[PDB]
Structure formats: C-alpha cells, structure tokens
Amino acid sequence: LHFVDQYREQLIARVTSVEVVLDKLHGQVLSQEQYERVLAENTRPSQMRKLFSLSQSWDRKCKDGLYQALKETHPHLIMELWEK
Amino acid sequence: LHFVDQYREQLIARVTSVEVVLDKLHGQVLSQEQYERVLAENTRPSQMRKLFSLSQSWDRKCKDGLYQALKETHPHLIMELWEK
Amino acid sequence: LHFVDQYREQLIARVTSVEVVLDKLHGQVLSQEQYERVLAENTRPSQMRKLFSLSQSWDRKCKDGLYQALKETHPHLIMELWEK
Amino acid sequence: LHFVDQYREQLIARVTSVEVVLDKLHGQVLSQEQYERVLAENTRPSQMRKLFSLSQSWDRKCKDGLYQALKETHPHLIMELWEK
Amino acid sequence: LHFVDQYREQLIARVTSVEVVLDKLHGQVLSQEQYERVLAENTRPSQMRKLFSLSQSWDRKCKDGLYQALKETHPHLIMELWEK
Amino acid sequence: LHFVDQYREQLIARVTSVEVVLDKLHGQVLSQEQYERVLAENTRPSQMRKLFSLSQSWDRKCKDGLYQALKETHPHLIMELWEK
Amino acid sequence: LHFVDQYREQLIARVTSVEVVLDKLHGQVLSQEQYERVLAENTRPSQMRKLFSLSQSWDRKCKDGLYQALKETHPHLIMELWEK
Amino acid sequence: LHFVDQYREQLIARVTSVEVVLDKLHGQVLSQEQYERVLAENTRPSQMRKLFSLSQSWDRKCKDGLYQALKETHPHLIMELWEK
Amino acid sequence: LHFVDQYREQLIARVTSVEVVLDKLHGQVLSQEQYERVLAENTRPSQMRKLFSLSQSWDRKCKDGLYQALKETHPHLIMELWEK
Amino acid sequence: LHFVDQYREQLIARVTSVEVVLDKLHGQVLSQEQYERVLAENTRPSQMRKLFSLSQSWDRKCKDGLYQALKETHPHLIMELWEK
Amino acid sequence: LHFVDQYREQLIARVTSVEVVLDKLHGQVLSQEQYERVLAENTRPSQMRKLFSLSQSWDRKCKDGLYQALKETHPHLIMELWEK
Amino acid sequence: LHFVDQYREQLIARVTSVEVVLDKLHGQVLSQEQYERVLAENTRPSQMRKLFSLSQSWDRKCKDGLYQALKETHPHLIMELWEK
C-alpha cells in the first residue's frame, strides 16, 4: 500500500497551490482532457477530490510521479505526514 | 437497538455536510463502488437516504464508526438528539 | 418561532456587508468548509441565500448568535424590522 | 377555470426572475422539500415546469397567491396576457 | 368505513410528496420489504396505488397512523376534502 | 382443532407478503418442488390458497411452524384474529 | 452440507453489491444467458433470490467459487455468520 | 480467445476516459442508436458494462478496433495487463 | 340492446387508458378481487377483454356506470361511435 | 390514410425537440396522465414511439392538430418529407 | 429452403438491436397487434424467438423482406453466416 | 457524404470560439430553445458535441450554412482538414 493511498483523507483538505502541482504532471501521466476537466469545480478542496477519482488507473510510475511533485512543491507538508 | 437505528427518521432531514462525513468512512467500511454510487442523487436529503439503505450489512464496528464521525462533525446535532 | 425564521424573505434582499457579518461566526457555529463554500455565488443576494440553506442544523445557540452579530453590524436595519 | 390554469403553456417560456418569485411563496403554500427540489433542473424553462407539476394540490388560496406574486414582480407580463 | 377507504379514488391523483409521507410510517406499520418495493413504479400516481394494495391488512392503528401523517404533511388537502 | 384450520377462509383474503412467509418455511417442512409450484398462480389470494391444499399431510410440527412465522411477520393480524 | 446451503435464508436479505459479486463468477461457472436474466428483477433482494434457483446443478467447484467471491467482497458479513 | 474476451473482468473497473474511447469508434462499427443509449447509466463503471453487452455481434474487425482504440488512449493500462 | 353490448368487438381494439377508466368503477359495481385480477394480462387489448367476460351478471346500474365513466374519460371516441 | 399514418417510420428517428412539441398539445387532445407518463422513457427516439401508440383513438381533429404543431416547430422537416 | 429457415438456432443468440429491425417491417408484413405483443418478453434473446413463431404464415415476400432488413442493419453478421 | 459528416471526430476536439460560430447561425437554421440549451455543458469540448446531436434534422441548407460559418471564422482549420 502506497503513501498517497493511505492518507488520502488528509491531503484533500490542505493542499493549496493546485495549479502549480497540476502543471508538472501534464506531459507524462494524463492527456489534455483530464487536465481541462479539473477547472469545472471552482473551489480548492473539490478540485483535488476529482483528481483522486483517477487513482483507479495509476500504477507505480504515476503514483511515484505524484509523490515526486508533491515533495518538490511542499517540503513541510509531506514531511509532516511522513513523520507520524 | 442502536442509537442510529431508532432516530433514523430525524437525521435524514437535517444533515448538511454530506461530503465531509462521507469522507472519513472511505478507507475501512465500504469499497469504492458504494462511494461512487452516492453522487447520483444530487440533493441533500436523497443522498443520505441511499446511505441508510446499506445498514443491512452493518455490525457494531460500522454503526459505532458512523456514530463516531457524526459526533466529530456536529457537536450540536448529535448532542441535541441525545438529550431527548 | 424565532425572529430570523419569520422575516427570512425580507433580509436576503437588503443586507450589504456580507463579508463582515460572515466574519464573526467563524469560530463557533460552522466549520471551515461551509465558510469557503459561500464564495461560489459571487452576488450579494445569492450568497446570503446559501447561508440560510444551513438553518436545518441550527439550534438556539446558533440562531441566537446570528441575531447577535446582525444586531452588532447594523443598528438601523434590525430595529426597522423589529418595529413592525 | 382560473387564469393561470388556461395560459399555462404561455408562461413557461417567458418567466425570467424565477428566484425572486419563488422566494415570496416560501412561508405558506409549500414546505422546505419542494423548495429545495427545484434546484435540480438548472435551466430557466425546466424549473417552472416542475413547479406547475404541483398544481394538482393547489386550491384557491394557493392559485390566488401565485397570481398575486406574479402580478407584483412583473407589471408588464401579467397585464400583457390579461389584455388578450 | 374510514376516511381513507371512501375517497381513495380522489387521493391517488393529488398526493405529491410521496417520499416524505412514506418516511414517517417506516418504524411501526410496515417492514423493510414493502418499503423497498414501492421504488419500482417511478411515477407519482402509480407509487401511491401500490401502497393502497396493502390496505387489506390494516386495522385502526395503521389507518389512523396514515391519516395522521397525511394531516401533518398537507394541512390544505385533508382540509379541502374533509369540508365536502 | 388448530388455530389455522378454523379461520382458513379468513387468512386467504388478507395475507399480503406471501413471499417472505413462504421463505422461512423452506428448510424444514417442505421440499423444493412445492416451493416452485407456487409461482404459477401469480395473484396474492390464489397463491395462499394453493399452500393450504397441502394441509392434508401436516402434523403439529408443521402447523406450529406456520403459526410461528405468521406471528413473526404480522404482529397486528394474528393478534386481530386471536382477540375475537 | 455446504455453508451456503444452510444459511440461505440469511444471505438473501443482506447482500447489497449484487453486481460486483455477480461479475467475478462470469468466466467459469455460468453462461451469458443466466447473467442477463438477473436484470429482470430490479430490486436488491429479488435478484439474489433468482441466483440460488440455479443451485440444482452446482457441484463443489461452483459452490466453493461462490463462497470465495462472497468472502472477497465482504470480509465482515461472511465472518459474522461464520462466528455463530 | 481474444485479449479483450479473457480479461473482461479486469477492464470494467479501471477505464476512466469513457467518452474519448467511445468517440473514435463512431464512424465504422456501430450506428447512432447504440451511441446514444450509453448515456443512460451515468456512472463510470456501469456505462462500460453496457458496451460489453454488444460483444455478441463482434468479429475480428470490431474486437481488433476496440483493442486498437484502447491501446491508443492509455499506453500504460493495456501494457500492464499484457505483461501478465 | 344496450350501447356497449352491440359494439363489443369495436371498443376492445381502441381503448387506451385502461387504468383510469378502471379506477372510477371501484367503489360500487365490482369488488376488490375482480379489480386485482385484471393486472394479470399485461397488454392493452387483452385487459379490456377480461372485463367484458363479466357482462353475464351486469344489470342497468352497472352498464350505465360503465358508459358514464367511458363518456367522462373520452369525449371523442364515444361520440365517434354514437354518430354511426 | 393521413400524412402522419404513412411516414410513421420516418419521424420516430429524427424528432429532436420532444418537449416543445409536447407542450402545445396539452390543453385539448390528451389529459394530464398521458402527459406525465411520457417522462418515463428518457431517450429522444423512444419517447415519440410511446406517443404513436395512442394513434388508435385519434380522429381528424387530433391527427390534424399534430401535423399543425409539427409544421409550426420545424418548417424544414415537414417540408422535406412532403416534397417526396 | 430459405436462408432464415436453416440458421434459426444461430440468429436467436446474436441479434442485439431488436427494436430497429422490428421497426422497418411495420408497414407491410405485420399488423399492429403482433408489433405490440413483442414488448412482453423484456429480454434480448427471448423477443426474437417469439418472432420466428410466426414463420408458419410467411411466404417469399415476407421472408425476403426480413432478410433484407437484417442485411441492412448489420452488414457483418449476415456476411459472417453466409460465408460458412 | 458531406465534409462535416466524415471528419466530425476531428472538429469536436479543436474548435475554440464557440460563441462567435454559434452567433451567425441564430436567425435561420435553429430556434430559440436549441440556442439556449447549449449553455448547460460548461466545457469547450462538450458543447460542440451537443450541437452535432442535431445533425439528424439538417439538410443541405443547414449543413452548408454551418460549413459557411466555420470557414468564415477560422481560415486555418477548415483549410487544414480539406488538404488531407
């Protein structure tokens, strides 16, 4: 069981800079359509929720990419959950 | 007879934050499918209704978990029903 | 029947300083999520409407708090309705 | 046969300010549930349609209330149909 | 002969809030199965019909309960028929 | 003379939940074939009739089981007949 | 006597996710026709009923498969019956 | 036995972009009606299910087309099943 | 010879709203049993046929009631046959 | 034989705005019940089908009215079929 | 011996779009009654079965029409059987 | 076969200025209702899709008008597809 799959209920309520963490994954994991659909929600918590709805088709390449981007953007949050 | 099973007709007309009380139960009690099916109703009273249709396969672990989450989200609602 | 519950059709069309009456209620009655969700409407009449959708889970503590904040912000409006 | 019951096919294609004419009827004719259900349609013509589905249980008090509110909101439309 | 048993042909064409009048009877008169079977019809007039098919096993407790809930939900319909 | 053997003309005109009272008796009193044959009638009064056609080979075990299941499903009907 | 053959009256009133437990058995035990026929019932308790009507041609391979799928989908229900 | 016909139980729980894989097949294999009927389900897992109900009249052209489109949309999923 | 008794082969091929013309006759002419039996046919032409099988025990009250209800529901068909 | 009765197989595959062509016919030809039943189909081609099942009791007023409404909504379709 | 009369057991297990192949035959070969009766089955394989029960009164016009419509809707199935 | 009807899968993923190509077609081909319904989608790819659902009732006048407006708005895209 991966790191993101266990604390999923914790992250969806605290990540703020949705746009800059959405940017880095554009070229590899997801196509154009999935990038566009996220703009429909128009609230910080809801958007992230929709993203985790696509966790059904992630394998280790894609989950590991997500953990990579989330460690590069915030060195205080990922640290804070990993300590527990 | 448990607390939730007797006053069931009272809660389905008053619970507001459907999403945040659905969030906490994801990882343990129910699978992904039951989590997705609830989005179909698209009205605050109806959604909760569908959830109580699954009370057929709950035992004390699950009823006690739900009572726990409802005590954590509203410290005024559960209080108000427990007084009566 | 409380004061706010009777003239509800009167208030939603005249309250101007939505932000400063939303501020005082933050710490006690409602959580973070309901505070954020109100930003979706983006019009003075619509926003207040959404707030009154949550009156289903208010008891005397919360209704009385709202009456309190509305008396502190506008000493001309609440008086004007109370005279009639 | 009342005024609203005869020209029903005419009104459902022209009424614009659905929200403010729905507001005035809240306290007397319909309960909370019917007030909430109308938000499901999300199109100006469809919503009013659903409202007329409740004409089955209106009597003269309620039809007269509806004609009253529709005369108070638009002094050009109700006049325009009554002339014919 | 009870009130519900004589004007049965009048009610099946006018009751709108099927769901909220079905809710109140859940705990005492009927079991879970009859509560679920009503969802099969999926039209306002048809559903109520099926309910009256169970009038064969009602005695005064159950007829009186139904009359009670229908007086509590609509104070205009029961009034309007009782006057005649 | 047993309870069911005397009011045989009374029950066949009032029992509604045929399926759930047929269910409980499956494992002990009757075999699979008689369970299947009852589906041929396709009417609430007729089906029950067919069941009583097997009263020729019941002894106290089976009649007592039937009275048991019918008291468990309807606590209002069996009471209502036993009072008289 | 197998596990499913004794507590059959217990399962038909509690299994909720009919579709996802019907899925796993598709490839080996039953053909396409029996898979399609189950859609006719359109109620959670009834559908499951029809499945057990095919228990006439099951041997240990098929009963063991069904017990397998029901243990994989719900680790709380099969446990709760196995304890008694 | 083809690739899609063996791992059918694997795909129906993981395919995300239903719309864009439905789009490419329009012009050749299926008519307009089958394209329209898929909108009824309104849930990610259910929709795809209905599509596989038409596998009765596919031959190598049509199955091969489906494998082609599913390889073009997700270069990570089809890989992941083909490795095993 | 009455009106309905002469054109018996004409009506059984054209009456559509069987249910709403069956409703009006419930309270006086026919009992509950005959009302329930009609649901067995499940086709518009066949149902009416069964009703005319009971013309053996009709007198003028009941035939006149039937002609009354069919004139009240359809003002175009009864006219069209009466002209000829 | 009327225009609508001959080309019936052509229209049922092309009429799009079911709602606005259903609106105009409400007041004269059909009652409320038939107006409500049409919402059950929930697909553009199927709905029209059900409507044509009622052509059994139409005379020249009703068929001619339908041809009128269909000429008022689409001045391009009725023209296109009438040319042939 | 015609084509349809030889592969009768082959077609009844593979034809999917029952409705659109039933549509084209309406105007010439069969009347309204047989067109309505097919709706009773409510399963894809069974419906077609009933159709072939009318093969007792087909001559070359009607068999040739059915083969025509079945070649027009599916250009892959008729091909696949004709090759063998 | 027209130009738009063959490369329809190409256009639905690239057209940007929905509003200005919807404007020019207002007065002739489609009525007010179809113009209003398109606002429901609220995503650039989805909207155009809905428009192509009305291709069932276009003839050469309307398809030719659509091709005209799309050639007038973008002199780079229509050229780009016509070259292939």
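By written order: A, B, C, D, E, F, G, H, I, J, K and L. Residues from 1 in each chain.
The definition used in the following text is that a residue touches a chain if its C-beta (ideal position, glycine included) is under 8 Å from a C-beta of that chain, and two chains touch if they have at least 3 such contacts.
Chemist: When every step has to jump to a touching chain, what is the lowest number of steps that links subunit E to subunit H?
Modeler: Each step joins two touching chains, and the minimum needed here is 2.
Chemist: Compute the distance, rounded to whole Å, between the mean C-alpha positions of subunit E and subunit K.
Modeler: Roughly 46 Å, centre to centre.
Chemist: Just curious, how far off is subunit C from subunit B if you go by their C-alpha centres, in Å?
Modeler: 27
Chemist: Indicate the whole-number Å distance between the mean C-alpha point of subunit B and the mean C-alpha point of subunit D.
Modeler: Roughly 36 Å separates the two chain centres.
Chemist: Hunt down the residues of subunit H that sit against at least two other chains at once, touch-wise.
Modeler: In subunit H, the residues touching two or more other chains are 33, 53, 56.
Chemist: What topology does the chain touch graph have (line, ring, star, complete, other)?
Modeler: Drawn as a graph, the chains match no named shape, so other.
Chemist: Would you mind writing out the residues of subunit B in touch with subunit D in their complex?
Modeler: Subunit B residues touching subunit D: 42-45.
Chemist: Would you mind writing out the residues of subunit E in touch with subunit B in their complex?
Modeler: Touching subunit B from subunit E are residues 23-24, 26-27.
Chemist: Looking at the complex, which residues from subunit L come into contact with subunit H?
Modeler: Against subunit H, subunit L makes touches at 6, 8-9, 12, 56.
Chemist: For the complex, give me every residue of subunit I touching subunit F.
Modeler: 33, 36-37, 40
Chemist: Once bound in the complex, which stretches of subunit B touch subunit G?
Modeler: Touch residues, subunit B against subunit G: 31, 33-34, 53-54, 56-57, 59, 61-62.
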